[PDB]
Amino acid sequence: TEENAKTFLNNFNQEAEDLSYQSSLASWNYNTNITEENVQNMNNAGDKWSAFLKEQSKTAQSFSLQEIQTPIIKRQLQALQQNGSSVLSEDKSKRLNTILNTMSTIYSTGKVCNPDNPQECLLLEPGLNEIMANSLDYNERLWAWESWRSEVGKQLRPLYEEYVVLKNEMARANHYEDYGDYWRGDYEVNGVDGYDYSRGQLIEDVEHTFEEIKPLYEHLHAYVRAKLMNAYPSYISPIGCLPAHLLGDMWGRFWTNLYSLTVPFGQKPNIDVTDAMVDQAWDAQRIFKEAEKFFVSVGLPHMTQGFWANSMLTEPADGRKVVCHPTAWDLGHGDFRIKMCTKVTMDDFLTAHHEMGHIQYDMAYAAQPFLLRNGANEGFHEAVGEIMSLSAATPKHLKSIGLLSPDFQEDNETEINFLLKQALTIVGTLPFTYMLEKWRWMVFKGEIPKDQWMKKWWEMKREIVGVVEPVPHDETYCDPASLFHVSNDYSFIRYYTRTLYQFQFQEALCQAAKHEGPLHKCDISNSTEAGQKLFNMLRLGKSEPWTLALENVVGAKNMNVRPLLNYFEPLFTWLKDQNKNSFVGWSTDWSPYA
């Protein structure tokens, strides 16, 4: 029944490619318009693509996976053989889709008002996010942190309870332990000898690599804490955990906004080319033209003409409502677009390289069959975009482009300033990402009862992340759901694996690029060898296992933490010298309200 399956997969590839294109183009008209007429075309074209996938799901399950010999044909059947959300009843699936839509709504529509000024009401973006990122008032930040978790968090609490039980009922019916095991199935490889990977192996590998991140994070935590005491005196203990509302954003996911408070050498000039491009008369088209030139220098192809004509590379400069979240669209049929309200800033210049990195990945595996046109795993796609911003952020690249002055001296203190800013964003999110996904894994697995969800949530925040809550929360609150990825049904372990992947890729490409200096000063520009070495994995798509695709570039069958430590090695030794008279570590007992 192998040839009977090849013809079946071909009736799918030539019929799904048209239905997915109509659904993708329909969803583009919504994120590019934002009307009621266009929001229905997204849902109308969405159900048709889902209903077509359901027919091909069950009709592919009639093909026994054990009866297939050629393995390229094998992985395609398992992709279609998914009951999905339909294993529930018609009432369970509508209620599951009702809470999933209701949770996404209250997150985007939830707004808190100031008790001191009731006419001042702010939602998360850009209201509360601007406060958590710039404000230095303890009570103002405590207000935004607590109001977001006491207003929109408590509304999500009853909906998230039913969300856990309903999502588990789907995974357990598809031969999974829980919904967390369903998310961990993205890294599962089973069939190829020497390249397999089990779903339980992910828990062992993520925790094994996290133990080597503890020393770097503990010294960063001790250094940031010392600087934060100067910013918030009589509020932080030199031995206790950091208050959650003082970390730089609403959840402490990224400590980037703490750079102004934790800059190692503030006297040195900051490498912010935002004002430089504004003075050089740069628009969004100039940003993407230079980003296109970057990929051409390594051997990758240019951008299609339809990209330069159908993409939304700027703000909606007319009459239309638009979500400005930077996304890279792969509609299929050779149609590649990017949706981004680009502004003349440095942060948008680096993001343009990230989003165009996604497109270069999509263009590479376009020759693969339909079910195989995707990244190796969930973390491969984000890692490809990040290695571009890593090379594009180096001073050697900024000077060559024209954004930095040619006489900019790169001292040993300017590099520690740069690595510290990178560590606040890169290494600062690792304990937050692991602890968050670990908490949901335990909740789905059934190790955290409902009567101690928030109690166990903050016990892990104190122990793993080293972050203490400013005000006590009972089980009525739901702080984890106050994050986008939790209340919008997205796996979060992808950000941990992608972080280790991007530095394994960078180290592997900089070796092919014949780089000789520190890893953070590497630019893979001009390196046709590194481009060919990277393209050899981008073309694979999802055909070869991620362990094999990772080996084609880095030479290893599994994720490794050594490249991550080598990137921040000059900074790790500097933090140890700074913390010689400080306390490295934190006590899980101190709280700002005992």
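One-based numbering along the sequence shown.
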property	result
Stretch with the greater mean C-alpha B-factor as recorded in the entry, comparing 143-151 against 282-290	282-290
Stretch with the higher entry mean CA B-factor, where the candidates are 429-437 and 447-455	447-455
Highest recorded Cα temperature factor - choice among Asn44, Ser543, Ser57, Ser27	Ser57
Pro243, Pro326, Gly319, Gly240, ranked by C-alpha B-factor: the highest one	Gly319
Position of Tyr195 among the chain's modelled residues by C-alpha B-factor, lowest, middle or highest third	highest
Chain thirds of CA B-factor: placement of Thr102	middle
Ranked against its chain, the third holding the CA B-factor of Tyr179	highest
Third assignment of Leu403 from its chain's C-alpha B-factors	highest
For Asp137, the third of its chain into which the C-alpha B factor falls	lowest
